There are 4 protein chains.
Amino acid sequence: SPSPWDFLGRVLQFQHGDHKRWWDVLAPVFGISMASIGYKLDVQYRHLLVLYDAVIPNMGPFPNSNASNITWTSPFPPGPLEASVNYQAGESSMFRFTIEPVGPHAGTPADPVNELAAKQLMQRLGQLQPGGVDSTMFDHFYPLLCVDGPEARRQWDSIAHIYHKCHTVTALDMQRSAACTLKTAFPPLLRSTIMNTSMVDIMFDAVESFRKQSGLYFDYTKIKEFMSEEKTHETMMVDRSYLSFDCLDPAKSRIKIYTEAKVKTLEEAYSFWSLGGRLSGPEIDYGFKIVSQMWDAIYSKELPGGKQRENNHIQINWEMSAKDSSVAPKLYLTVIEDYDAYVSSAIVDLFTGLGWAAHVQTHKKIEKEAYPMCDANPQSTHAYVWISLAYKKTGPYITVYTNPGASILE
Amino acid sequence: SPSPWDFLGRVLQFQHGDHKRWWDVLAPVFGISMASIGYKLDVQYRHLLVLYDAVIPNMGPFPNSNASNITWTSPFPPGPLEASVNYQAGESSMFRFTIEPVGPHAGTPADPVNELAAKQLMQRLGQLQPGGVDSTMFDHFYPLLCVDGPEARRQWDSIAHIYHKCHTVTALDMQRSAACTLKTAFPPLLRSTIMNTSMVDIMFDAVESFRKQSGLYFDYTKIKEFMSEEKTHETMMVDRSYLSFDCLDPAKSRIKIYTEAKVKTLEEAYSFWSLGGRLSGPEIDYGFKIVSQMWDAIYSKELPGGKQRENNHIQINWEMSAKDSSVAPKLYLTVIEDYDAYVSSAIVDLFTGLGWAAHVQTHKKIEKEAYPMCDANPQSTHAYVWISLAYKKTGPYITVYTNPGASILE
Amino acid sequence: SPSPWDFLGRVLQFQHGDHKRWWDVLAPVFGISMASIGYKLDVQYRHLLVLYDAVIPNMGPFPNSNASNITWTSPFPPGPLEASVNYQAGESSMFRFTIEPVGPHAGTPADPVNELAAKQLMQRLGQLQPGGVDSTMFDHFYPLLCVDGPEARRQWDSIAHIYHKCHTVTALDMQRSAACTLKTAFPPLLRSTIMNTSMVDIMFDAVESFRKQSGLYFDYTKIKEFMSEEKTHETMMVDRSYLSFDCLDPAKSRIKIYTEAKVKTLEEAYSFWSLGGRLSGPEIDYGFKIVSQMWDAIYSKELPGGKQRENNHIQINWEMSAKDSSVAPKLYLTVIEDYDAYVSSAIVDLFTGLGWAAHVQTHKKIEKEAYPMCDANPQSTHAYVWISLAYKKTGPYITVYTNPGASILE
Amino acid sequence: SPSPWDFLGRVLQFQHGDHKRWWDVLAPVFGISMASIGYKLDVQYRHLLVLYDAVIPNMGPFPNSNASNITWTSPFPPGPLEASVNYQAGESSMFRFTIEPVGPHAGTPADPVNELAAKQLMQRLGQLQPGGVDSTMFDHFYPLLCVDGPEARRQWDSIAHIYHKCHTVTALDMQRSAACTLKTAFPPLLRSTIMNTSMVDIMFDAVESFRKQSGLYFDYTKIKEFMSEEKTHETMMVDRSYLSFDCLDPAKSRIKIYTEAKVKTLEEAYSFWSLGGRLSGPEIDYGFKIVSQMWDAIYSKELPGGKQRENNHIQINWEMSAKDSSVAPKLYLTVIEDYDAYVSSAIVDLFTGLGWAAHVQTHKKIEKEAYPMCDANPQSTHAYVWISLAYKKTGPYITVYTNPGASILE
Ligand SMILES: CC(C)=CCSP(=O)(O)OP(=O)(O)O
Ligand SMILES: CC(C)=CCSP(=O)(O)OP(=O)(O)O
Ligand SMILES: CC(C)=CCSP(=O)(O)OP(=O)(O)O
Ligand SMILES: CC(C)=CCSP(=O)(O)OP(=O)(O)O
């Protein structure tokens, strides 16, 4: 009895060879994440056919041996940014998937700014599930935050020096109910560059115009007067920032701000979790305790090869709801260069502290099946990339981002 | 929420447009037969992907409006010879389909004898399910019964006058366990023609050589004793005959002989059921009672338009097992030219005679969903083609062959 | 020995069946226009592979019999707006082809404004011939004239009442040097609608901003002076207007304005040719003599079936160059509803008076081969759609627009 | 301006990724052989589309780095057995290409004897050029020499010990007139094995039955008289033998016998050229002088790395015509394990002595363009495989077989 990815790779016709190679790589990882939490084999068929139909044709070329073919530059390896199996209370697990949609010729003179890929993905995904992709907030924010093809081409002198010209990042929530849901993030770096204005105020003026044009409530001030201090702006780098939203009924979506910090102390980092003390609550401390715990847990160890750790790379993401005056944080510790053995150890014993034993077996099973390297190699660095925490009203939001393309790094 | 055929037609890439049109026609009928008895949705996906992968690329071109493109002539309409949901007691219904594999150019000077299609289907089907296609009996009988490409091409003067140059017919048992099983039938008409010998003789000499080479027991004497007579040979058409076998472990396969009769009375038809009285048992009359029952049932009615019925077109199929010394009959009433309303009424009230009500609702559901015409048109003749009967050790074997391409006849 | 379209339809794999059917229809007409003026056979292969690769996947679905599958509404039949072999002196004939790029789902809730198709066509066409698609003027005018997806979706209440929501029309000059050249036209109807401003104003303000941003000289005053009047605006329909440009080195492109008139006398039509007397020269009357000639020629005849002709449907296109201060007209007589026999006779004897005998045989050859109907049917109306005239510095610019899908209308 | 293979790889859709990789490898070599003797560009398109359509889908999988995926074993590397530009006087050079058609699953339990690939290639090739593939001699010899699928499967115990189970080899003469011509060779090793009879006997009995059934004259006596001896049979390997024929009008085809020898002196090799003195003429010694010439030429050098040469691997091919009573030889020196620099030098100075200067530049051009390695690496062994000689009624038949997949060996 074959598995859905095996059978499908046997029977399916692929438009392009690179889609076949991406299938061989990803489809096992994806299928095992789906089949190691219980995605009904039919739903596996459905999501794998969406992956075969919508996202892989919108992934860009496959990394060859010297990644000679990768022409759309990035500080990350080619392919997905992550595969985002997340665990919450009551054994509710779900599979998520982030990709910066890359055209087959993005980063080349035929598609210098990678303009179509995101829209082709959106359109294909709406055609697959009609009525499932509401385009309101996309319509409102694409003018203010993003930059279309022609505007980027007229002002190429302004943004050429930028290394990563990323403007649209799409995350798929592959619901267990076969009803995949799109999420879009806009980094305004090219916008703030050509307009020569600060990231802060373009982001917040966009959210403000949306607030008034929509009438919906998005409390956005506290983020602003924190991210606009100077002690903050000395430690973070504001230009690794974006804000995001769900392509849904704008009465249901959210607006998440997101930025990056290189911090020395966990106390120092408490600012980002707290927006400088402004954003404080009975749960703002619940979450920060756990993140500091896992912080010194995974930073207790040494780097592979005795190289010294000077600072610690964290990422941060707040979100603002439409119906209430609330905004909540979500912290990441970047672990791209640690011991996969140590990272896995910290993950599993943190889980054990939570008592997430079902999730523990889930994690180890997904590990062994989807990522053999962590056992075949004692010195291993390539499974995990980010360990993300966030406490919400009834539980933490710990997501273990992976590189489903780690097999290419071995 | 789409259905597997809808979603799949949306996402699947088709190698050829004719495969797409055949999909649009068949896949609803096939999928509704599958989902109208309970084929689990992932099993539906599997069988529909087999149909998409194995059988549709081996079905030949799609009938256009004047059927101008059909170059592989036949007395039947293009497409499957039947789609043949079978019913047995204990609510045991299963789906099976018959096709004369036609190459995309069969019946043209590039493939004048349609040689490859069957082997390509066999090979593809074994590649899909390895170890699931045993080729023993095929290997033994392809030399004696069938005719390869080169032999048929050397002796074209001999068989050119034949209208239907059919030599290999493949039936798929689309098991509910996703494990489709191939069946092959060989009509020796071209063989008996070029060799200028009697059908009876080549058929039974082939089965005899297999009996000795294999040691297995295939009692074939009584069939020969009956089919060799003259009172039989005056009424039946001996040239619409084949023998069949399952591509399986030859310790598990069977050998079925098959022929056709134009009979006047049911009494005179009792011969074929009984091989002239030789083949007799407690069940030989059980099945005959029921076939006479439905015989006078569906023949009591008139033909559409007052055309007179002179005789009755029946088919017959005897079967010989390996482990024992037994041979059993299975009769067919052809209903290609009758009232779909009357044919349906006879089916439902015969079934309702068995008490097969679950099967009754099953039949009417498959009717309304897969065949709207029987209601949209009071005068309708195009759903059913054959009503087949056979009584085995426990229950009857009533199979309601349809034309899944009836919609093409509207 | 096959022909390129025959051989290619034999060997090529098509991504979609509709591309195959469009191939069967168009590829003969296109290939016969190419091979009926002398397009070298490998150049035929190249252009036919471009048509197979770039334009047919961007043509939208194929008209089925009741044309249910056409969801992107229009006052014209589906397919190209024309196939437009143009003739000039010295036996200089070239092939060109207009299409309103339609997405496979344009006019449906997945692509309500047909946004991507034009950009996908542009991108594919640049990928095929790198460095051959300069995007300057597209970049400048896409903001001012056209409407993107999100803007059109936010203001759907404004433009929903419009019947034809056409915003981008692409013409391919299939050069005999295998170097196809793209041309883009923008009708500002949706823009002028949502902005609730006059077509004249947005068009000329866009050209003015381009004049200042680029420094190049596009004399646009006289066109505005004439189109702004009222005696003009009572007879012409101002909303069937666009302006166009070549995707090239903007030091080489042009800007053509374009509109449509329902005129009673040729005298009263002289205005559009002359912009009310402002646009006058030695050639302004040269071209007008010839258009009045063919006007009374093809209007002297009656309509098929005795229906009366009240007015005459003409189109007009003025052009402004960059290096100089000039603007030149080009008139059209619509012949969609006339006798193909009469239309053909007028074309051939116009040519004969002009002495274009080589062009005469060219025309009749393309007729018989690509359009059999004009002979198979004495009463035929379906070959030609537009007879366009323009006299430039040396010779006339008579282009005989056809419907390469006329066979679909039979 | 691209080249046909570049443009085509850009525009063509490939059914399988392996076809794309084989395209990337072969299509440059094939196209440069075509365009380095003058194959007209549209003829290049035609042959490259045949290679894209007929032969590459019938080439088997592409060698990955460890070559795990070649499941059809062989003593040669995967891909064509050669790419075999042939040179004759009057600057008459033509391209031809040999392949053992391998199914995508040949050598696996779904296709253990690689039965279909040759017939699929034949059928496809006839469908492309109807009337261009006469199947007479194939029909006559497929029973006597070859072994079908079922016969090979019944007697698997007999031929399992054989390493190379090759039974059908197809050579394409890619005529400069776009009219490719098929050639088929049958090695009877599996036949002579299962029948347990001598190769000589089955081969010549087959040719004899064809002689009587057809009436045509194929003088085969002297070959049998020589190959039946013992002094011959001690030095030559009789099991690397086949006989071949053209799929054409059997009044035009030929029958070539073919075998292989490991010979010590050129004197002792003169036997195979001469069938032991029986086959003698004015040209029998003409060709032998030249082969001894190039023999001592390319064997005077040493092997790369000082390994000693004990004997010399030669191949031989005699040919029998239909209209006359003649049989002519054609010898081969295998150079698989020599200095590409030395092999090339011998080829070019042989040519130079022959005065084939145009052919000299042709050879060096094809070398540099299609095979860079011979210059990038001073120690190179991988361009050439066979240097074949034969002197016919006017000039020699020197064919320089290459490995068009040499780049895979780097
Ligand atoms: C918006 C995309 C591009 C990145 C964010 S993915 P996420 O898992 O952080 O989203 P949620 O926290 O689950 O709401
Ligand atoms: C052998 C094929 C080509 C036709 C016979 S199909 P069948 O339904 O009669 O086979 P069974 O009676 O079910 O065993
Ligand atoms: C701009 C496109 C969409 C329509 C105009 S095509 P055309 O033949 O009128 O262009 P030219 O007159 O040849 O310059
Ligand atoms: C018959 C095939 C499989 C191999 C022989 S190819 P060839 O070049 O030796 O054929 P010719 O000598 O040119 O006639």
# chains A, B, ... in the order shown; residues from 1 in each chain; ligands from 1
>>> interface_residues(of="chain C", to="chain B", cutoff="9 Å", atoms="only C-alpha atoms", output="list in words")
residues 13, 14, 15, 16, 17, 18, 20 and 21 of chain C
>>> calpha_fit_rmsd(fixed="chain D", moving="chain A")
0.1 Å
>>> residues_near_ligand(ligand="ligand 3", cutoff="6 Å", atoms="only C-alpha atoms and all ligand atoms", output="PDB file with N, CA, C and O atoms, in the first residue's frame")
ATOM      1  N   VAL C 169      -5.250  46.075 -24.455  1.00  0.00           N
ATOM      2  CA  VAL C 169      -5.342  45.316 -25.696  1.00  0.00           C
ATOM      3  C   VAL C 169      -3.941  45.182 -26.265  1.00  0.00           C
ATOM      4  O   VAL C 169      -3.219  46.177 -26.367  1.00  0.00           O
ATOM      5  N   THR C 170      -3.551  43.965 -26.635  1.00  0.00           N
ATOM      6  CA  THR C 170      -2.188  43.700 -27.063  1.00  0.00           C
ATOM      7  C   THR C 170      -2.178  43.254 -28.512  1.00  0.00           C
ATOM      8  O   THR C 170      -2.872  42.305 -28.883  1.00  0.00           O
ATOM      9  N   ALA C 171      -1.380  43.930 -29.315  1.00  0.00           N
ATOM     10  CA  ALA C 171      -1.190  43.573 -30.708  1.00  0.00           C
ATOM     11  C   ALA C 171       0.235  43.092 -30.916  1.00  0.00           C
ATOM     12  O   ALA C 171       1.182  43.710 -30.430  1.00  0.00           O
ATOM     13  N   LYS C 183       2.577  45.624 -28.776  1.00  0.00           N
ATOM     14  CA  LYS C 183       1.948  46.933 -28.778  1.00  0.00           C
ATOM     15  C   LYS C 183       0.812  46.906 -27.778  1.00  0.00           C
ATOM     16  O   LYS C 183       0.058  45.936 -27.734  1.00  0.00           O
ATOM     17  N   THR C 184       0.664  47.972 -27.001  1.00  0.00           N
ATOM     18  CA  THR C 184      -0.332  47.994 -25.946  1.00  0.00           C
ATOM     19  C   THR C 184      -1.227  49.208 -26.105  1.00  0.00           C
ATOM     20  O   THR C 184      -0.756  50.320 -26.355  1.00  0.00           O
ATOM     21  N   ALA C 185      -2.523  48.986 -25.946  1.00  0.00           N
ATOM     22  CA  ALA C 185      -3.507  50.050 -25.980  1.00  0.00           C
ATOM     23  C   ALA C 185      -4.276  50.072 -24.673  1.00  0.00           C
ATOM     24  O   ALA C 185      -4.652  49.019 -24.144  1.00  0.00           O
ATOM     25  N   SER C 244      -2.750  54.421 -27.443  1.00  0.00           N
ATOM     26  CA  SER C 244      -1.888  53.262 -27.567  1.00  0.00           C
ATOM     27  C   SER C 244      -0.435  53.685 -27.705  1.00  0.00           C
ATOM     28  O   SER C 244      -0.120  54.854 -27.934  1.00  0.00           O
TER      29      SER C 244
END
>>> residues_around(residues="residue 250 of chain A", least_positions_apart="6", cutoff="10 Å", atoms="only C-alpha atoms", output="ChimeraX atom specification")
/A:134-138,214,216,322
>>> write_last_selection(atoms="N, CA, C and O atoms", output="JSON list (two decimals), in the first residue's frame")
[["chain", "number", "residue", "atom", "x", "y", "z"],
["A", 134, "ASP", "N", -11.09, 36.30, 0.30],
["A", 134, "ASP", "CA", -11.59, 37.67, 0.29],
["A", 134, "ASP", "C", -10.42, 38.63, 0.11],
["A", 134, "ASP", "O", -9.38, 38.49, 0.76],
["A", 135, "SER", "N", -10.61, 39.61, -0.77],
["A", 135, "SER", "CA", -9.51, 40.45, -1.23],
["A", 135, "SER", "C", -9.63, 41.89, -0.76],
["A", 135, "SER", "O", -9.07, 42.79, -1.40],
["A", 136, "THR", "N", -10.33, 42.15, 0.34],
["A", 136, "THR", "CA", -10.53, 43.53, 0.77],
["A", 136, "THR", "C", -9.23, 44.16, 1.24],
["A", 136, "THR", "O", -8.76, 45.15, 0.66],
["A", 137, "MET", "N", -8.64, 43.61, 2.30],
["A", 137, "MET", "CA", -7.48, 44.26, 2.90],
["A", 137, "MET", "C", -6.30, 44.25, 1.95],
["A", 137, "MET", "O", -5.47, 45.16, 1.97],
["A", 138, "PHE", "N", -6.18, 43.20, 1.13],
["A", 138, "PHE", "CA", -5.19, 43.22, 0.08],
["A", 138, "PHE", "C", -5.40, 44.43, -0.81],
["A", 138, "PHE", "O", -4.44, 45.14, -1.14],
["A", 214, "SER", "N", -12.65, 51.94, 6.82],
["A", 214, "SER", "CA", -13.39, 50.74, 7.20],
["A", 214, "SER", "C", -14.26, 50.95, 8.42],
["A", 214, "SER", "O", -15.26, 50.24, 8.59],
["A", 216, "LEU", "N", -13.49, 50.02, 11.22],
["A", 216, "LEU", "CA", -13.09, 49.03, 12.20],
["A", 216, "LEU", "C", -11.94, 49.56, 13.05],
["A", 216, "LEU", "O", -11.21, 50.46, 12.66],
["A", 322, "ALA", "N", -9.66, 43.61, 15.29],
["A", 322, "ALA", "CA", -10.62, 44.56, 14.74],
["A", 322, "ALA", "C", -11.71, 44.95, 15.72],
["A", 322, "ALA", "O", -12.14, 46.11, 15.74]]
>>> residues_near_ligand(ligand="ligand 4", cutoff="9 Å", atoms="only C-alpha atoms and all ligand atoms", output="ChimeraX atom specification")
/D:84-86,96-100,168-173,182-186,242-246,254,256,258,317,319,330,388,390,397,399
>>> select_by_dssp(residues="segment 18-238 of chain A", states="alpha helix (DSSP H)", output="count of residues only")
94
>>> residues_around(residues="segment 150-166 of chain D", least_positions_apart="6", cutoff="12 Å", atoms="only C-alpha atoms", output="short mmCIF file (atom, residue, chain, number, x, y, z; two decimals) with N, CA and C atoms, in the first residue's frame")
data_model
loop_
_atom_site.label_atom_id
_atom_site.label_comp_id
_atom_site.auth_asym_id
_atom_site.auth_seq_id
_atom_site.Cartn_x
_atom_site.Cartn_y
_atom_site.Cartn_z
N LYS B 119 -1.15 -4.22 -23.97
CA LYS B 119 0.10 -4.43 -23.24
C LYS B 119 0.52 -3.18 -22.50
N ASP B 134 -0.06 -10.92 -12.32
CA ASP B 134 0.64 -12.14 -12.71
C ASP B 134 0.36 -12.45 -14.17
N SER B 135 1.41 -12.79 -14.91
CA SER B 135 1.34 -12.88 -16.36
C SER B 135 1.47 -14.31 -16.87
N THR B 136 1.19 -15.31 -16.04
CA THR B 136 1.37 -16.69 -16.48
C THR B 136 0.43 -17.05 -17.62
N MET B 137 -0.88 -17.03 -17.36
CA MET B 137 -1.83 -17.51 -18.35
C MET B 137 -1.82 -16.64 -19.59
N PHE B 138 -1.58 -15.34 -19.42
CA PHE B 138 -1.38 -14.49 -20.58
C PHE B 138 -0.23 -15.02 -21.41
N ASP B 139 0.86 -15.41 -20.76
CA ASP B 139 2.01 -15.91 -21.49
C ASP B 139 1.67 -17.19 -22.23
N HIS B 140 0.86 -18.05 -21.61
CA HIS B 140 0.56 -19.33 -22.25
C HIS B 140 -0.40 -19.16 -23.42
N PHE B 141 -1.39 -18.28 -23.30
CA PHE B 141 -2.48 -18.22 -24.26
C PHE B 141 -2.28 -17.20 -25.36
N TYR B 142 -1.51 -16.14 -25.12
CA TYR B 142 -1.21 -15.21 -26.20
C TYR B 142 -0.67 -15.88 -27.45
N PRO B 143 0.12 -16.96 -27.38
CA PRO B 143 0.53 -17.61 -28.63
C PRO B 143 -0.58 -18.39 -29.32
N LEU B 144 -1.41 -19.10 -28.55
CA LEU B 144 -2.35 -20.04 -29.15
C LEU B 144 -3.62 -19.34 -29.62
N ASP B 148 -0.38 -11.69 -32.74
CA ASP B 148 0.47 -10.53 -32.56
C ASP B 148 0.39 -9.62 -33.77
N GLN B 213 0.77 -28.64 -19.53
CA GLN B 213 1.94 -27.87 -19.13
C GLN B 213 1.87 -27.42 -17.68
N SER B 214 0.67 -27.19 -17.16
CA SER B 214 0.50 -26.68 -15.81
C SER B 214 0.10 -27.76 -14.82
N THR D 71 18.14 0.83 -14.14
CA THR D 71 17.74 -0.49 -13.73
C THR D 71 17.80 -1.47 -14.84
N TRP D 72 18.20 -1.05 -16.01
CA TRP D 72 18.34 -1.93 -17.12
C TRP D 72 19.79 -1.99 -17.30
N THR D 73 20.40 -3.08 -16.94
CA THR D 73 21.85 -3.21 -16.90
C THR D 73 22.45 -3.29 -18.30
N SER D 74 23.75 -3.05 -18.37
CA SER D 74 24.47 -3.00 -19.64
C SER D 74 25.97 -2.88 -19.41
N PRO D 75 26.80 -3.36 -20.34
CA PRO D 75 28.23 -3.07 -20.28
C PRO D 75 28.60 -1.68 -20.79
N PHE D 76 27.66 -0.93 -21.33
CA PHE D 76 27.89 0.42 -21.81
C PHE D 76 27.22 1.43 -20.90
N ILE D 99 20.29 3.65 -30.68
CA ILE D 99 19.78 3.53 -29.33
C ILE D 99 19.23 2.13 -29.14
N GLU D 100 19.46 1.57 -27.97
CA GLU D 100 18.73 0.39 -27.56
C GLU D 100 17.49 0.91 -26.85
N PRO D 101 16.33 0.93 -27.51
CA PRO D 101 15.14 1.51 -26.88
C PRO D 101 14.86 0.89 -25.53
N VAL D 102 14.84 1.72 -24.50
CA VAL D 102 14.63 1.27 -23.13
C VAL D 102 13.34 1.90 -22.63
N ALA D 106 12.12 -0.53 -18.00
CA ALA D 106 12.75 -1.73 -18.52
C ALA D 106 13.79 -2.24 -17.55
N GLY D 107 13.87 -3.56 -17.43
CA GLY D 107 14.74 -4.15 -16.45
C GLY D 107 14.17 -4.20 -15.05
N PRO D 109 10.42 -5.49 -12.75
CA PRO D 109 9.40 -6.54 -12.90
C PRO D 109 8.19 -6.12 -13.69
N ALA D 110 8.05 -4.84 -14.04
CA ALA D 110 6.97 -4.42 -14.91
C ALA D 110 7.34 -4.56 -16.38
N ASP D 111 8.63 -4.54 -16.71
CA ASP D 111 9.10 -4.71 -18.08
C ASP D 111 10.44 -5.42 -18.06
N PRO D 112 10.46 -6.70 -17.67
CA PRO D 112 11.74 -7.38 -17.47
C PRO D 112 12.54 -7.60 -18.73
N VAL D 113 11.94 -7.53 -19.91
CA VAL D 113 12.66 -7.81 -21.14
C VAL D 113 12.61 -6.65 -22.12
N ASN D 114 12.10 -5.50 -21.70
CA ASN D 114 12.11 -4.30 -22.53
C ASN D 114 11.43 -4.57 -23.88
N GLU D 115 10.17 -4.99 -23.80
CA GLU D 115 9.46 -5.47 -24.98
C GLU D 115 8.82 -4.36 -25.80
N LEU D 116 8.19 -3.39 -25.15
CA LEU D 116 7.36 -2.43 -25.87
C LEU D 116 8.18 -1.34 -26.54
N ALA D 117 9.26 -0.89 -25.89
CA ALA D 117 9.93 0.34 -26.28
C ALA D 117 10.20 0.40 -27.78
N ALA D 118 10.69 -0.70 -28.35
CA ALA D 118 11.01 -0.69 -29.77
C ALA D 118 9.76 -0.53 -30.62
N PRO D 143 9.60 -13.34 -35.43
CA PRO D 143 9.36 -14.68 -34.87
C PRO D 143 10.62 -15.53 -34.75
N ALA D 185 18.17 -4.10 -35.65
CA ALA D 185 19.09 -5.20 -35.51
C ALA D 185 18.58 -6.16 -34.44
N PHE D 186 18.70 -7.45 -34.74
CA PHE D 186 18.28 -8.52 -33.85
C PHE D 186 19.49 -9.35 -33.44
N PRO D 187 19.89 -9.32 -32.17
CA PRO D 187 20.83 -10.31 -31.66
C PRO D 187 20.09 -11.52 -31.14
N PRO D 188 20.39 -12.70 -31.66
CA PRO D 188 19.62 -13.89 -31.32
C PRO D 188 20.08 -14.60 -30.05
N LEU D 189 20.83 -13.92 -29.19
CA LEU D 189 21.44 -14.60 -28.05
C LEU D 189 20.40 -15.26 -27.17
N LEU D 190 19.33 -14.54 -26.83
CA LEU D 190 18.27 -15.15 -26.02
C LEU D 190 17.57 -16.27 -26.78
N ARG D 191 17.35 -16.08 -28.08
CA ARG D 191 16.74 -17.13 -28.89
C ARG D 191 17.61 -18.38 -28.91
N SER D 192 18.86 -18.23 -29.34
CA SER D 192 19.78 -19.36 -29.39
C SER D 192 19.98 -19.96 -28.01
N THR D 193 19.72 -19.19 -26.96
CA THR D 193 19.86 -19.74 -25.62
C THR D 193 18.68 -20.63 -25.26
N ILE D 194 17.46 -20.09 -25.33
CA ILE D 194 16.30 -20.88 -24.94
C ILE D 194 16.14 -22.08 -25.86
N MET D 195 16.32 -21.89 -27.16
CA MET D 195 16.28 -23.01 -28.08
C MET D 195 17.52 -23.88 -27.98
N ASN D 196 18.55 -23.42 -27.28
CA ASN D 196 19.77 -24.19 -27.05
C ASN D 196 20.42 -24.61 -28.36
N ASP D 239 28.94 -14.86 -29.27
CA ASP D 239 27.71 -14.43 -28.64
C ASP D 239 27.50 -12.93 -28.66
N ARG D 240 28.48 -12.14 -29.10
CA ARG D 240 28.24 -10.72 -29.35
C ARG D 240 27.97 -10.54 -30.84
N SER D 241 26.88 -11.16 -31.28
CA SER D 241 26.55 -11.19 -32.70
C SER D 241 25.09 -10.82 -32.90
N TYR D 242 24.82 -10.14 -34.02
CA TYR D 242 23.45 -9.91 -34.43
C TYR D 242 23.39 -9.88 -35.94
#
>>> residues_around(residues="segment 301-304 of chain C", least_positions_apart="6", cutoff="12 Å", atoms="only C-alpha atoms", output="list in words")
residues 294, 295, 310, 335, 336, 337, 338, 339, 340, 341, 342, 343, 345, 346, 378, 379, 380 and 381 of chain C
>>> write_last_selection(atoms="C-alpha atoms", output="PDB file, in the first residue's frame")
ATOM      1  CA  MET C 294     -13.980  52.873 -51.060  1.00  0.00           C
ATOM      2  CA  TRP C 295     -16.735  54.299 -48.848  1.00  0.00           C
ATOM      3  CA  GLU C 310     -29.097  54.494 -41.875  1.00  0.00           C
ATOM      4  CA  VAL C 335     -17.823  45.851 -42.725  1.00  0.00           C
ATOM      5  CA  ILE C 336     -18.900  43.230 -40.185  1.00  0.00           C
ATOM      6  CA  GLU C 337     -22.395  43.109 -41.694  1.00  0.00           C
ATOM      7  CA  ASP C 338     -21.774  43.068 -45.445  1.00  0.00           C
ATOM      8  CA  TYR C 339     -21.429  40.695 -48.398  1.00  0.00           C
ATOM      9  CA  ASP C 340     -18.110  38.877 -48.187  1.00  0.00           C
ATOM     10  CA  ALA C 341     -18.421  38.638 -51.957  1.00  0.00           C
ATOM     11  CA  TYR C 342     -18.971  42.393 -52.203  1.00  0.00           C
ATOM     12  CA  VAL C 343     -16.366  43.226 -49.555  1.00  0.00           C
ATOM     13  CA  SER C 345     -14.713  42.527 -54.701  1.00  0.00           C
ATOM     14  CA  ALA C 346     -14.194  46.038 -53.364  1.00  0.00           C
ATOM     15  CA  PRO C 378     -22.673  32.676 -52.022  1.00  0.00           C
ATOM     16  CA  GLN C 379     -24.302  34.601 -49.163  1.00  0.00           C
ATOM     17  CA  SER C 380     -21.358  35.049 -46.804  1.00  0.00           C
ATOM     18  CA  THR C 381     -20.635  37.796 -44.285  1.00  0.00           C
TER      19      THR C 381
END
>>> select_by_dssp(residues="segment 135-378 of chain B", states="strand (DSSP E)", output="MDAnalysis selection string")
chainID B and resid 169:174 181:186 236:246 255:263 312:320 327:328 331:334
>>> atom_distance(atom1="atom CA of residue 344 of chain B", atom2="atom 2 (C, counted along the ligand's line) of ligand 2")
24.3 Å
>>> atom_distance(atom1="atom CA of residue 177 of chain D", atom2="atom CA of residue 39 of chain D")
8.6 Å
>>> atom_distance(atom1="atom CA of residue 60 of chain C", atom2="atom CA of residue 408 of chain C")
15.2 Å
>>> residues_around(residues="residue 12 of chain B", least_positions_apart="2", cutoff="8 Å", atoms="only C-alpha atoms", output="VMD selection string")
(chain A and resid 12 53) or (chain B and resid 8 to 10 14)
